[PDB]
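Data first, discussion second: the structure below is written as structure tokens.
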Number of protein chains: 2
Amino acid sequence: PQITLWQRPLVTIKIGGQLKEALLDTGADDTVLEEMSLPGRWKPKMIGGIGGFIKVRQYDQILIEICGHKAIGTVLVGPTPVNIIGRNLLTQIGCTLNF
Amino acid sequence: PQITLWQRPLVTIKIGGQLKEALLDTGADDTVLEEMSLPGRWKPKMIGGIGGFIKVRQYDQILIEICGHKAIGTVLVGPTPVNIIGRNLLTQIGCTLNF
Ligand SMILES: O=c1oc2c(c(O)c1[C@H](c1cccc(NS(=O)(=O)c3ccccc3)c1)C1CC1)CCCCCC2
């Protein structure tokens, strides 16, 4: 579809059988989500934001559906203010900027 | 124009007669710039994100040139790690997100 930016670009995602809400963020390289349980083993990571660094748990090859589109890649879990969909997954669904 | 997201979406902007490079961010409500001097009165504020809150100085009605287009709007000045162009200026040059 086409999304204008007069209000926050929020979308529904289906992950692990449940529906959740997330923000489409072109400035982020990675996808970051709130504290939840995921299958498999994990590895550690530090990412910096506008207010400092945070430690996160990294999970690879997770399936996640965004507005009917399917993607499979890395997802990070940690203390974030909202769920974030970043460039790593925006490229899989073929999303672009237009002005 | 159409921009892909295989790499970071960086652009050059002109403010206060100074050249700067910035990141197009659909997730940010406002525009936040690194510590610099601007003319006028300003009000202190707190904005939060990944990692916590930061204190900034808010200036209103600042003119900015972004990739050939003029725009007017609020600008927040403070210790952000990188220059960010948010939704309040992006809407003014009619940028949309498409997939
Ligand atoms: O915190 C972040 O860290 C980074 C990026 C990013 O897009 C954010 C976001 C952000 C940005 C600007 C202002 C606000 N604060 S706000 O008031 O505009 C806001 C508050 C809550 C929710 C959304 C927006 C929040 C966070 C919401 C996700 C990516 C770009 C590069 C910078 C470093 C990483």
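Letters A, B, ... mark the chains of the structure tokens in the order given; residue numbers begin at 1 per chain; ligand numbers begin at 1, in order shown.
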
Least-squares superposed chain A, target chain B, every Cα, as a compact mmCIF listing (two decimals) with N, CA and C atoms, in the first residue's frame:
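Done, and the output landed in result-v6.txt:
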# COMPACT_ATOMS: atom_id res chain seq x y z
N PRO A 1 12.78 11.95 -5.42
CA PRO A 1 13.43 10.75 -6.01
C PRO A 1 12.88 9.51 -5.35
N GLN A 2 13.59 8.40 -5.52
CA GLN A 2 13.17 7.14 -4.92
C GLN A 2 14.37 6.61 -4.16
N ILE A 3 14.17 6.25 -2.90
CA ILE A 3 15.27 5.76 -2.12
C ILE A 3 15.05 4.32 -1.62
N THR A 4 15.94 3.41 -2.03
CA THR A 4 15.87 2.02 -1.59
C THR A 4 16.59 1.95 -0.23
N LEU A 5 16.37 0.88 0.53
CA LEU A 5 16.98 0.80 1.85
C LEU A 5 18.13 -0.18 2.09
N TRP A 6 18.88 -0.53 1.04
CA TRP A 6 20.01 -1.47 1.19
C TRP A 6 21.13 -0.83 2.04
N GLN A 7 21.22 0.50 2.06
CA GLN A 7 22.20 1.20 2.90
C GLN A 7 21.48 2.36 3.63
N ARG A 8 22.11 3.00 4.62
CA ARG A 8 21.45 4.09 5.36
C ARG A 8 20.96 5.24 4.48
N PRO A 9 19.68 5.60 4.60
CA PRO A 9 19.13 6.69 3.79
C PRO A 9 19.59 8.09 4.24
N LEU A 10 20.85 8.43 3.92
CA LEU A 10 21.48 9.71 4.26
C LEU A 10 21.25 10.75 3.17
N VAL A 11 21.06 12.00 3.57
CA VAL A 11 20.81 13.11 2.65
C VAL A 11 21.50 14.39 3.13
N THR A 12 21.75 15.31 2.20
CA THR A 12 22.37 16.58 2.55
C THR A 12 21.28 17.61 2.86
N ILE A 13 21.48 18.38 3.93
CA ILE A 13 20.56 19.45 4.34
C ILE A 13 21.38 20.77 4.41
N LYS A 14 20.74 21.90 4.14
CA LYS A 14 21.43 23.19 4.20
C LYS A 14 20.70 23.95 5.27
N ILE A 15 21.37 24.28 6.36
CA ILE A 15 20.71 25.01 7.43
C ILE A 15 21.64 26.05 8.01
N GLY A 16 21.21 27.30 7.95
CA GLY A 16 22.01 28.39 8.47
C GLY A 16 23.24 28.66 7.63
N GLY A 17 23.13 28.43 6.32
CA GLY A 17 24.23 28.66 5.39
C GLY A 17 25.22 27.54 5.18
N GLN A 18 25.17 26.52 6.04
CA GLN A 18 26.11 25.40 5.95
C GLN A 18 25.42 24.10 5.63
N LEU A 19 26.16 23.22 4.97
CA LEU A 19 25.65 21.93 4.57
C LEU A 19 25.99 20.89 5.62
N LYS A 20 25.03 20.01 5.91
CA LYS A 20 25.18 18.96 6.90
C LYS A 20 24.51 17.69 6.39
N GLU A 21 24.84 16.55 6.99
CA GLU A 21 24.27 15.26 6.58
C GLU A 21 23.25 14.77 7.63
N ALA A 22 22.16 14.17 7.17
CA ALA A 22 21.13 13.68 8.06
C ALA A 22 20.43 12.38 7.62
N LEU A 23 19.85 11.68 8.58
CA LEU A 23 19.16 10.43 8.32
C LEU A 23 17.64 10.63 8.24
N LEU A 24 16.99 10.07 7.22
CA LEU A 24 15.54 10.14 7.09
C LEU A 24 14.98 8.99 7.97
N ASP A 25 14.26 9.33 9.05
CA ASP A 25 13.72 8.36 10.03
C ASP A 25 12.16 8.42 10.18
N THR A 26 11.45 7.47 9.58
CA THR A 26 9.99 7.41 9.64
C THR A 26 9.41 7.12 11.02
N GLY A 27 10.22 6.55 11.91
CA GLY A 27 9.77 6.20 13.26
C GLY A 27 9.81 7.32 14.30
N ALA A 28 10.41 8.44 13.94
CA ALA A 28 10.52 9.59 14.84
C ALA A 28 9.44 10.64 14.59
N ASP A 29 8.88 11.21 15.65
CA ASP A 29 7.85 12.20 15.46
C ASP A 29 8.48 13.59 15.25
N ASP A 30 9.64 13.81 15.88
CA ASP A 30 10.34 15.09 15.86
C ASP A 30 11.69 15.05 15.15
N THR A 31 12.20 16.22 14.77
CA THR A 31 13.48 16.32 14.11
C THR A 31 14.53 16.65 15.18
N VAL A 32 15.64 15.92 15.20
CA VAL A 32 16.68 16.11 16.22
C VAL A 32 18.05 16.30 15.59
N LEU A 33 18.77 17.33 16.02
CA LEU A 33 20.08 17.64 15.50
C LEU A 33 21.13 17.85 16.58
N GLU A 34 22.38 17.72 16.16
CA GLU A 34 23.53 17.90 17.03
C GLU A 34 23.66 19.34 17.48
N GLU A 35 24.43 19.51 18.55
CA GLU A 35 24.69 20.79 19.17
C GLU A 35 25.10 21.90 18.19
N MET A 36 24.23 22.89 18.02
CA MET A 36 24.55 24.01 17.16
C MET A 36 23.81 25.24 17.65
N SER A 37 24.21 26.38 17.12
CA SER A 37 23.65 27.67 17.45
C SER A 37 22.52 28.11 16.51
N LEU A 38 21.41 28.51 17.10
CA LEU A 38 20.29 28.94 16.29
C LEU A 38 19.71 30.24 16.82
N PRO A 39 19.10 31.02 15.93
CA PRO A 39 18.49 32.31 16.28
C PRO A 39 17.23 32.17 17.14
N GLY A 40 16.97 33.21 17.94
CA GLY A 40 15.79 33.23 18.78
C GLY A 40 15.97 32.71 20.19
N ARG A 41 14.84 32.60 20.89
CA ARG A 41 14.78 32.11 22.24
C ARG A 41 14.42 30.64 22.10
N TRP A 42 14.56 29.86 23.17
CA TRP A 42 14.21 28.44 23.15
C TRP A 42 13.39 28.03 24.37
N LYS A 43 12.81 26.83 24.32
CA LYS A 43 12.00 26.26 25.40
C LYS A 43 12.50 24.84 25.64
N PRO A 44 12.38 24.32 26.87
CA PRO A 44 12.84 22.96 27.18
C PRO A 44 11.92 21.78 26.83
N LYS A 45 12.53 20.60 26.65
CA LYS A 45 11.80 19.36 26.30
C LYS A 45 12.60 18.09 26.61
N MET A 46 11.86 17.02 26.93
CA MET A 46 12.40 15.68 27.22
C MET A 46 11.84 14.72 26.17
N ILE A 47 12.71 13.97 25.49
CA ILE A 47 12.23 12.98 24.52
C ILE A 47 12.89 11.65 24.85
N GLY A 48 12.14 10.57 24.71
CA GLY A 48 12.68 9.26 24.98
C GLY A 48 13.09 8.53 23.71
N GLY A 49 14.21 7.80 23.80
CA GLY A 49 14.72 7.02 22.68
C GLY A 49 14.81 5.56 23.11
N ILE A 50 15.64 4.79 22.43
CA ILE A 50 15.79 3.37 22.74
C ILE A 50 16.58 3.14 24.03
N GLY A 51 17.47 4.08 24.37
CA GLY A 51 18.28 3.94 25.57
C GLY A 51 18.00 4.88 26.74
N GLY A 52 16.84 5.52 26.76
CA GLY A 52 16.56 6.42 27.86
C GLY A 52 16.08 7.78 27.37
N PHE A 53 16.00 8.73 28.30
CA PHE A 53 15.53 10.08 28.00
C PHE A 53 16.66 11.05 27.89
N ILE A 54 16.45 12.11 27.13
CA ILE A 54 17.45 13.15 27.01
C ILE A 54 16.69 14.45 27.06
N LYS A 55 17.39 15.52 27.44
CA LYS A 55 16.81 16.86 27.53
C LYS A 55 17.26 17.61 26.30
N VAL A 56 16.36 18.37 25.70
CA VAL A 56 16.69 19.12 24.50
C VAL A 56 16.19 20.55 24.56
N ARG A 57 16.73 21.38 23.66
CA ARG A 57 16.33 22.79 23.54
C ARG A 57 15.48 22.81 22.27
N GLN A 58 14.31 23.43 22.33
CA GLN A 58 13.39 23.50 21.19
C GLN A 58 13.33 24.87 20.53
N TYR A 59 13.45 24.92 19.21
CA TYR A 59 13.43 26.19 18.45
C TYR A 59 12.32 26.12 17.43
N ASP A 60 11.50 27.16 17.35
CA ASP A 60 10.41 27.16 16.40
C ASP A 60 10.59 28.05 15.18
N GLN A 61 9.92 27.67 14.10
CA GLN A 61 9.99 28.38 12.83
C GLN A 61 11.37 28.63 12.26
N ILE A 62 12.12 27.54 12.06
CA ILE A 62 13.46 27.61 11.49
C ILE A 62 13.33 27.15 10.04
N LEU A 63 14.12 27.74 9.14
CA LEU A 63 14.08 27.33 7.73
C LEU A 63 15.15 26.28 7.47
N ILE A 64 14.80 25.23 6.76
CA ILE A 64 15.76 24.18 6.50
C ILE A 64 15.42 23.49 5.17
N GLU A 65 16.45 23.34 4.34
CA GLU A 65 16.33 22.77 3.00
C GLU A 65 16.82 21.33 2.93
N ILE A 66 15.96 20.45 2.41
CA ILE A 66 16.21 19.01 2.30
C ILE A 66 16.07 18.60 0.83
N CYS A 67 17.17 18.15 0.23
CA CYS A 67 17.20 17.76 -1.20
C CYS A 67 16.42 18.70 -2.10
N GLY A 68 16.74 19.98 -2.00
CA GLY A 68 16.06 20.96 -2.82
C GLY A 68 14.69 21.38 -2.34
N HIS A 69 14.15 20.70 -1.35
CA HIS A 69 12.83 21.09 -0.87
C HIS A 69 12.92 21.98 0.38
N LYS A 70 12.09 23.01 0.43
CA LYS A 70 12.09 23.91 1.56
C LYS A 70 11.02 23.58 2.56
N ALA A 71 11.39 23.65 3.83
CA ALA A 71 10.51 23.40 4.96
C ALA A 71 10.81 24.44 6.07
N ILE A 72 9.79 24.73 6.88
CA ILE A 72 9.87 25.69 8.00
C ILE A 72 9.07 25.11 9.16
N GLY A 73 9.74 24.75 10.24
CA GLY A 73 9.04 24.17 11.38
C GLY A 73 9.92 24.09 12.60
N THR A 74 9.58 23.22 13.54
CA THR A 74 10.33 23.07 14.79
C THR A 74 11.50 22.13 14.64
N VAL A 75 12.58 22.44 15.34
CA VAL A 75 13.79 21.65 15.32
C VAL A 75 14.26 21.55 16.77
N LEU A 76 14.80 20.40 17.14
CA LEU A 76 15.29 20.18 18.49
C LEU A 76 16.80 19.97 18.46
N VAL A 77 17.50 20.55 19.44
CA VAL A 77 18.95 20.45 19.52
C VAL A 77 19.39 19.73 20.82
N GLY A 78 20.24 18.71 20.69
CA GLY A 78 20.71 17.98 21.87
C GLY A 78 21.71 16.87 21.54
N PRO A 79 22.13 16.07 22.53
CA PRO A 79 23.09 14.98 22.29
C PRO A 79 22.53 13.75 21.58
N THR A 80 22.60 13.77 20.26
CA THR A 80 22.11 12.67 19.46
C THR A 80 23.28 12.01 18.69
N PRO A 81 23.20 10.70 18.41
CA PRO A 81 24.30 10.05 17.67
C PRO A 81 24.49 10.49 16.19
N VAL A 82 23.42 10.99 15.56
CA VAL A 82 23.42 11.50 14.17
C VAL A 82 22.27 12.50 14.04
N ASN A 83 22.27 13.32 12.98
CA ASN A 83 21.19 14.29 12.75
C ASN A 83 20.02 13.45 12.24
N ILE A 84 18.81 13.77 12.68
CA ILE A 84 17.60 13.02 12.34
C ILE A 84 16.50 13.88 11.78
N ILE A 85 15.92 13.48 10.66
CA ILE A 85 14.80 14.21 10.05
C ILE A 85 13.56 13.35 10.30
N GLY A 86 12.63 13.86 11.10
CA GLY A 86 11.45 13.10 11.43
C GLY A 86 10.16 13.40 10.69
N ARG A 87 9.08 12.77 11.13
CA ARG A 87 7.75 12.93 10.49
C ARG A 87 7.21 14.35 10.32
N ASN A 88 7.46 15.21 11.31
CA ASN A 88 7.01 16.61 11.25
C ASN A 88 7.53 17.33 9.99
N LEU A 89 8.71 16.96 9.51
CA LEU A 89 9.27 17.59 8.32
C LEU A 89 9.11 16.70 7.08
N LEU A 90 8.98 15.39 7.27
CA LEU A 90 8.81 14.48 6.13
C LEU A 90 7.41 14.72 5.49
N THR A 91 6.43 15.14 6.29
CA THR A 91 5.10 15.44 5.79
C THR A 91 5.08 16.73 4.99
N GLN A 92 5.92 17.71 5.36
CA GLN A 92 6.01 18.99 4.63
C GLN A 92 6.56 18.81 3.22
N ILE A 93 7.51 17.90 3.00
CA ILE A 93 8.03 17.66 1.65
C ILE A 93 7.26 16.58 0.86
N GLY A 94 6.20 16.03 1.46
CA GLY A 94 5.35 15.02 0.82
C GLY A 94 5.93 13.63 0.61
N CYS A 95 6.70 13.16 1.58
CA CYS A 95 7.37 11.85 1.52
C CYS A 95 6.45 10.68 1.92
N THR A 96 6.48 9.57 1.18
CA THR A 96 5.69 8.39 1.56
C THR A 96 6.48 7.07 1.51
N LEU A 97 5.88 6.01 2.05
CA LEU A 97 6.45 4.68 2.07
C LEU A 97 5.73 3.87 0.97
N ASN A 98 6.43 2.97 0.29
CA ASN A 98 5.79 2.20 -0.77
C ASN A 98 6.30 0.79 -0.86
N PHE A 99 5.39 -0.17 -0.70
CA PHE A 99 5.71 -1.60 -0.83
C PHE A 99 4.45 -2.34 -1.25

Just list the residues in range 4-91 of chain A DSSP gives strand (DSSP E or B) on the backbone, as a count of residues only.
48

Residue list (helix (DSSP H, G or I), DSSP) for chain A, as an MDAnalysis selection string:
chainID A and resid 87:90

Atoms kept (C-alpha atoms) for selection, written as a compact mmCIF listing (two decimals), in the first residue's frame:
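And here is the file that came out, result.txt:
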# COMPACT_ATOMS: atom_id res chain seq x y z
CA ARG A 87 15.82 -2.02 7.42
CA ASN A 88 16.83 -5.71 7.60
CA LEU A 89 13.14 -6.66 7.25
CA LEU A 90 11.92 -3.64 5.25
